[PDB]
Amino acid sequence: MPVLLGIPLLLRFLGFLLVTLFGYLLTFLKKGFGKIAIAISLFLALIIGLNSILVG
Amino acid sequence: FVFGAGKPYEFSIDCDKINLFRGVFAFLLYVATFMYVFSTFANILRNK
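The listed protein sequences derive, respectively, from chains AAA and GGG.
Take the first sequence: its position 34, counting from 1, is numbered 34 in the deposited numbering, and each next residue is one higher.
Take the second sequence: its position 13, counting from 1, is numbered 369 in the deposited numbering, and each next residue is one higher.
This is the structure we're talking about:
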């Protein structure tokens with residue numbers, strides 16, 4: 001299906017930006033699931049900590 | 357403690373029956389602290 005000389009490269013580029021940008025969203029998602037790991041850890045560590053004082 | 361130093365009516369509250377009270381009194385203060393430390397750990401997330 002005949003096309004001009006530059007259209008096939010505009011169509012390949014408009015799906016490079018999309019995969020790059022959808023690649024960044026993934027990186028940031030994974031980071032925010034690491035915050036909920038730090039948070040949980042902290043809480044349970046403060047509980048185990050108080051126990052050791054009171055029983056002493 | 358001596359009531360009536362020198363007079364015919366001299367008597368003394370002795371220590372043998374007071375030392376027994378201090379024994380029961382110690383116990384009833386430990387029981388009342390164990391039941392406070394305990395119950396404050398259990399309700400640490402129950403906003404008192």
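Just so it is clear, CB atoms sit at the ideal spot from N, CA and C, and this is done for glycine as well.
Hey, how far is the Cα of residue i from the Cα of residue j?
{"i": "AAA/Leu44", "j": "AAA/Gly6", "result": "60 Å"}
{"i": "GGG/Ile400", "j": "AAA/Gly15", "result": "54 Å"}
{"i": "GGG/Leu384", "j": "GGG/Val393", "result": "15 Å"}
{"i": "GGG/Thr396", "j": "AAA/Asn51", "result": "11 Å"}
{"i": "GGG/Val380", "j": "GGG/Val387", "result": "11 Å"}
{"i": "AAA/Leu26", "j": "AAA/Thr20", "result": "10 Å"}
{"i": "AAA/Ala37", "j": "AAA/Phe28", "result": "15 Å"}
{"i": "AAA/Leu17", "j": "AAA/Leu4", "result": "22 Å"}
{"i": "GGG/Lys404", "j": "GGG/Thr389", "result": "17 Å"}
{"i": "GGG/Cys371", "j": "AAA/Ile48", "result": "46 Å"}
At a threshold of 7 Å, does residue i count as lining the ligand SAM (C-beta to nearest heavy atom)?
{"i": "AAA/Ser41", "result": "Annotation note on the ligand SAM: not contained in the displayed structure, which lists no ligands."}
Report all residues from its chain with a CB closer than 6 Å to the CB of residue i; omit the five preceding and five following residues, and keep chain order.
{"i": "GGG/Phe357", "result": "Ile369"}
According to DSSP, what are the bridge partners of residue i?
{"i": "GGG/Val358", "result": "GGG/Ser368"}
How about residue i: is its C-beta nearer than 8 Å to some C-beta of chain B?
{"i": "AAA/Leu54", "result": "In summary, chain B is missing from the structure at hand, where the protein chains are AAA and GGG."}
Between the region 3-12 of chain AAA and the region 358-368 of chain GGG, do three or more beta carbon pairs fall short of 8 Å? no
At least three beta-carbon pairs within less than 8 Å, the region 374-386 of chain GGG to the region 32-45 of chain AAA: no
Any residues in the region 24-47 of chain AAA with a beta carbon nearer than 8 Å to a beta carbon of chain GGG? Which ones, in chain order? Taking 8 Å as the Cβ-Cβ cut-off against chain GGG, the residues of the region 24-47 of chain AAA that qualify are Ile47.
Please identify, using Cβ separations under 7 Å, the residues of the region 376-399 of chain GGG that lie next to chain AAA, in order along the chain. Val393 and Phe397
Contact set between the region 3-14 of chain AAA and chain GGG, restricted to residues whose Cβ is under 9 Å from the partner: Residues of the region 3-14 of chain AAA whose Cβ lies closer than 9 Å to any Cβ of chain GGG: none.
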